[PDB]
Amino acid sequence: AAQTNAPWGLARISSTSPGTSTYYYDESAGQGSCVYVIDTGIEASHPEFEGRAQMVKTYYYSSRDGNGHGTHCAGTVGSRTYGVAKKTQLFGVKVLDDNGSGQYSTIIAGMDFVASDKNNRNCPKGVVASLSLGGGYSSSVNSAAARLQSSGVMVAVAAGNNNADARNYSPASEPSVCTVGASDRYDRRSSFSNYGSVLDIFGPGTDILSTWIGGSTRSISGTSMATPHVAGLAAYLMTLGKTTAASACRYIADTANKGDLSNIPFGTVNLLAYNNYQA
Ligand SMILES: [Ca+2]
Ligand SMILES: [Ca+2]
């Protein structure tokens, strides 16, 4: 398959080089995989989700995404136009309030919820969790992300937007999950992207067009935007049977574009998510 004039991030993950415009991807498009978007929720009614998104849990008065952040990330995972895995199933877990903030206890509960809830879903190609959130280092947040990963879910988490070492942020600092930094369309590290040894991979994160609430779209930046690229890529690759939840992060790093990125401090992987698609 080939989406012309795709968002640059989608084009980038299907190219060995920056600057392309077409997103090349296998028609399977993550069909049969499921991605939990643990965030502010998802506006499942967005036409761009084609009925493939649904709220499964909220820790607030409503399951409605009153912010847009979760709807944006979900769209990068699996919306028709802005998504990596255009046929995946999206499950919304609203651990963040409509201001985009969430208590660590609620984020941990949301992670434990996904580890259980996935056992009630038909996800033959496997389960992914996209965590475009984080705060200061927390052993308990890290332990929750580790549990989710151990439960058999491919956990992708944002490195953080502090232009610092992700070692001091959670769940970014949890070694066992897939910690995602952000790059821009010119293959530089996003100016805000955290770095450090705990990063496993980079994904497009600067000026990322995706779904927004009110059935709209908008472009925003963050490791929160790179994370769903990698989550979608994982779902996409799991559907192709190229990898499993336990090995998806390592596989993506092994198959990533190596050395393409600039502004990568010594000790940080220079690896950009890449789907290695060949027509
Ligand atoms: Ca290259
Ligand atoms: Ca890791």
# chains A, B, ... in the order shown; residues from 1 in each chain; ligands from 1

call {"tool": "residues_near_ligand", "arguments": {"ligand": "ligand 2", "cutoff": "7 Å", "atoms": "only C-alpha atoms and all ligand atoms", "output": "short mmCIF file (atom, residue, chain, number, x, y, z; two decimals) with N, CA and C atoms, in the first residue's frame"}}
result
data_model
loop_
_atom_site.label_atom_id
_atom_site.label_comp_id
_atom_site.auth_asym_id
_atom_site.auth_seq_id
_atom_site.Cartn_x
_atom_site.Cartn_y
_atom_site.Cartn_z
N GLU A 174 11.83 3.11 32.75
CA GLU A 174 11.66 1.67 32.93
C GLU A 174 12.40 0.95 31.81
N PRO A 175 13.43 0.17 32.12
CA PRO A 175 14.23 -0.43 31.03
C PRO A 175 13.45 -1.38 30.14
N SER A 176 12.49 -2.11 30.71
CA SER A 176 11.90 -3.24 29.99
C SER A 176 10.86 -2.83 28.96
N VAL A 177 10.44 -1.56 28.94
CA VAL A 177 9.49 -1.10 27.93
C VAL A 177 10.24 -0.37 26.83
N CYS A 178 9.52 0.07 25.81
CA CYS A 178 10.13 0.70 24.64
C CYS A 178 10.04 2.21 24.83
N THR A 179 11.17 2.83 25.17
CA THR A 179 11.23 4.25 25.46
C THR A 179 11.58 5.01 24.19
N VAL A 198 18.55 4.97 28.24
CA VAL A 198 17.32 4.19 28.37
C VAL A 198 16.46 4.27 27.12
N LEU A 199 16.72 5.23 26.23
CA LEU A 199 15.98 5.30 24.98
C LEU A 199 16.26 4.07 24.13
N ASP A 200 15.20 3.48 23.58
CA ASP A 200 15.35 2.35 22.68
C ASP A 200 15.29 2.75 21.22
#

call {"tool": "residues_near_ligand", "arguments": {"ligand": "ligand 1", "cutoff": "12 Å", "atoms": "only C-alpha atoms and all ligand atoms", "output": "list in words"}}
result
residues 12, 13, 14, 15, 16, 17, 18, 19, 20, 186, 187, 255, 256, 257, 258, 259, 260, 261, 262, 270, 271, 272, 273, 274 and 276 of chain A

call {"tool": "residues_around", "arguments": {"residues": "residue 217 of chain A", "least_positions_apart": "2", "cutoff": "12 Å", "atoms": "only C-alpha atoms", "output": "PDB file with C-alpha atoms, in the first residue's frame"}}
result
ATOM      1  CA  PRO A   7       2.086  13.148   7.220  1.00  0.00           C
ATOM      2  CA  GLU A  43     -12.839  10.576  20.507  1.00  0.00           C
ATOM      3  CA  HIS A  46     -13.869  10.647  14.858  1.00  0.00           C
ATOM      4  CA  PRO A  47     -14.515   9.442  11.269  1.00  0.00           C
ATOM      5  CA  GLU A  48     -10.755   8.901  10.959  1.00  0.00           C
ATOM      6  CA  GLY A  68      -7.377  16.119  22.396  1.00  0.00           C
ATOM      7  CA  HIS A  69      -3.998  14.655  23.368  1.00  0.00           C
ATOM      8  CA  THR A  71      -7.233  11.488  20.346  1.00  0.00           C
ATOM      9  CA  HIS A  72      -4.097  12.800  18.629  1.00  0.00           C
ATOM     10  CA  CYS A  73      -1.926   9.901  19.810  1.00  0.00           C
ATOM     11  CA  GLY A  75      -4.754   8.868  15.459  1.00  0.00           C
ATOM     12  CA  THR A  76      -1.018   8.434  14.952  1.00  0.00           C
ATOM     13  CA  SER A  79      -6.351   6.556  12.214  1.00  0.00           C
ATOM     14  CA  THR A  81      -5.102   9.169   7.317  1.00  0.00           C
ATOM     15  CA  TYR A  82      -2.655   9.837  10.173  1.00  0.00           C
ATOM     16  CA  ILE A 208       2.909  15.621  13.763  1.00  0.00           C
ATOM     17  CA  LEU A 209      -0.493  15.939  12.097  1.00  0.00           C
ATOM     18  CA  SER A 210      -3.187  13.731  13.588  1.00  0.00           C
ATOM     19  CA  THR A 211      -6.782  13.585  14.753  1.00  0.00           C
ATOM     20  CA  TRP A 212      -8.038  16.088  17.314  1.00  0.00           C
ATOM     21  CA  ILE A 213     -11.269  16.339  19.266  1.00  0.00           C
ATOM     22  CA  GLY A 214     -14.282  17.894  17.613  1.00  0.00           C
ATOM     23  CA  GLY A 215     -13.709  15.651  14.610  1.00  0.00           C
ATOM     24  CA  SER A 219      -0.242  19.255  14.268  1.00  0.00           C
ATOM     25  CA  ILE A 220       1.545  19.144  17.614  1.00  0.00           C
TER      26      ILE A 220
END

call {"tool": "select_by_dssp", "arguments": {"residues": "segment 90-238 of chain A", "states": "strand (DSSP E)", "output": "number ranges by chain"}}
result
A: 90-94, 126-131, 135-136, 153-158, 169-170, 178-183, 201-204, 208-212, 216-220

call {"tool": "closest_residue", "arguments": {"among": "A:111, A:130, A:33, A:226", "to": "residue 160 of chain A", "atoms": "only C-alpha atoms"}}
result
A:226

call {"tool": "residues_around", "arguments": {"residues": "segment 146-153 of chain A", "least_positions_apart": "2", "cutoff": "9 Å", "atoms": "only C-alpha atoms", "output": "PyMOL selection string"}}
result
chain A and resi 111-116+118+126-129+141-144+155+171+174-177+244-246

call {"tool": "atom_distance", "arguments": {"atom1": "atom CA of residue 237 of chain A", "atom2": "atom CA of residue 29 of chain A"}}
result
8.8 Å

call {"tool": "select_by_dssp", "arguments": {"residues": "segment 97-163 of chain A", "states": "alpha helix (DSSP H)", "output": "ChimeraX atom specification"}}
result
/A:104-117,139-150

call {"tool": "residues_around", "arguments": {"residues": "residue 234 of chain A", "least_positions_apart": "3", "cutoff": "8 Å", "atoms": "only C-alpha atoms", "output": "number ranges by chain"}}
result
A: 128, 154, 230-231, 237-238, 243, 245, 248-249, 252

call {"tool": "closest_residue", "arguments": {"among": "A:203, A:265, A:102, A:92", "to": "residue 56 of chain A", "atoms": "only C-alpha atoms"}}
result
A:92

call {"tool": "atom_distance", "arguments": {"atom1": "atom CA of residue 45 of chain A", "atom2": "atom CA of residue 222 of chain A"}}
result
24.3 Å

call {"tool": "residues_around", "arguments": {"residues": "residue 182 of chain A", "least_positions_apart": "6", "cutoff": "6 Å", "atoms": "only C-alpha atoms", "output": "VMD selection string"}}
result
chain A and resid 190 193 202 to 205 223 226

call {"tool": "write_last_selection", "arguments": {"atoms": "N, CA, C and O atoms", "output": "JSON list (two decimals), in the first residue's frame"}}
result
[["chain", "number", "residue", "atom", "x", "y", "z"],
["A", 190, "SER", "N", 14.41, 15.91, 18.07],
["A", 190, "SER", "CA", 13.53, 17.01, 18.43],
["A", 190, "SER", "C", 14.16, 17.81, 19.55],
["A", 190, "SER", "O", 14.69, 17.25, 20.52],
["A", 193, "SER", "N", 13.29, 16.65, 22.89],
["A", 193, "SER", "CA", 13.25, 15.22, 23.20],
["A", 193, "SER", "C", 14.27, 14.87, 24.26],
["A", 193, "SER", "O", 15.45, 15.24, 24.16],
["A", 202, "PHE", "N", 13.85, 6.17, 18.28],
["A", 202, "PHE", "CA", 13.27, 7.47, 17.99],
["A", 202, "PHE", "C", 12.14, 7.30, 16.99],
["A", 202, "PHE", "O", 12.13, 6.36, 16.19],
["A", 203, "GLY", "N", 11.17, 8.19, 17.08],
["A", 203, "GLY", "CA", 10.10, 8.25, 16.13],
["A", 203, "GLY", "C", 9.77, 9.70, 15.82],
["A", 203, "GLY", "O", 10.14, 10.60, 16.58],
["A", 204, "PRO", "N", 9.10, 9.94, 14.69],
["A", 204, "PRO", "CA", 8.70, 11.31, 14.35],
["A", 204, "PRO", "C", 7.87, 11.91, 15.48],
["A", 204, "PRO", "O", 6.84, 11.37, 15.90],
["A", 205, "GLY", "N", 8.32, 13.07, 15.95],
["A", 205, "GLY", "CA", 7.62, 13.74, 17.03],
["A", 205, "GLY", "C", 7.42, 15.24, 16.90],
["A", 205, "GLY", "O", 6.67, 15.84, 17.68],
["A", 223, "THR", "N", 7.49, 13.96, 22.40],
["A", 223, "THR", "CA", 7.71, 12.53, 22.48],
["A", 223, "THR", "C", 6.38, 11.79, 22.58],
["A", 223, "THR", "O", 6.30, 10.61, 22.24],
["A", 226, "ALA", "N", 5.86, 10.87, 19.04],
["A", 226, "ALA", "CA", 6.73, 9.81, 18.55],
["A", 226, "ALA", "C", 6.28, 8.45, 19.08],
["A", 226, "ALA", "O", 6.33, 7.45, 18.36]]

call {"tool": "residues_around", "arguments": {"residues": "residue 125 of chain A", "least_positions_apart": "2", "cutoff": "8 Å", "atoms": "only C-alpha atoms", "output": "short mmCIF file (atom, residue, chain, number, x, y, z; two decimals) with N, CA, C and O atoms, in the first residue's frame"}}
result
data_model
loop_
_atom_site.label_atom_id
_atom_site.label_comp_id
_atom_site.auth_asym_id
_atom_site.auth_seq_id
_atom_site.Cartn_x
_atom_site.Cartn_y
_atom_site.Cartn_z
N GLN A 31 -4.16 -4.95 11.05
CA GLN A 31 -5.39 -5.68 11.28
C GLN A 31 -5.12 -6.86 12.21
O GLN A 31 -4.12 -7.58 12.06
N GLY A 32 -6.02 -7.06 13.17
CA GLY A 32 -5.89 -8.14 14.12
C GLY A 32 -5.09 -7.81 15.35
O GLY A 32 -5.11 -8.58 16.32
N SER A 33 -4.35 -6.71 15.34
CA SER A 33 -3.67 -6.23 16.52
C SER A 33 -4.56 -5.24 17.26
O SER A 33 -5.50 -4.67 16.71
N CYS A 34 -4.24 -5.03 18.54
CA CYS A 34 -4.94 -4.07 19.36
C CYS A 34 -3.92 -3.15 20.00
O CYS A 34 -2.85 -3.60 20.44
N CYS A 123 -7.56 -10.14 20.11
CA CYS A 123 -6.40 -9.49 19.52
C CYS A 123 -5.43 -10.57 19.05
O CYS A 123 -4.36 -10.76 19.64
N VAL A 127 -1.01 -7.38 21.36
CA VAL A 127 -1.50 -6.21 22.07
C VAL A 127 -0.35 -5.25 22.29
O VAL A 127 0.76 -5.65 22.65
N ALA A 235 2.37 -2.75 16.39
CA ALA A 235 1.15 -3.43 15.97
C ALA A 235 1.24 -3.87 14.52
O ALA A 235 0.88 -5.00 14.17
N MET A 238 3.70 -6.78 14.33
CA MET A 238 3.12 -7.96 14.97
C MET A 238 2.09 -8.61 14.06
O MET A 238 2.06 -9.84 13.92
N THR A 239 1.26 -7.80 13.40
CA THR A 239 0.29 -8.33 12.45
C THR A 239 0.98 -9.06 11.30
O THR A 239 0.49 -10.08 10.81
N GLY A 241 3.52 -10.69 11.69
CA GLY A 241 4.22 -11.81 12.29
C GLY A 241 5.72 -11.68 12.31
O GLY A 241 6.41 -12.68 12.55
#
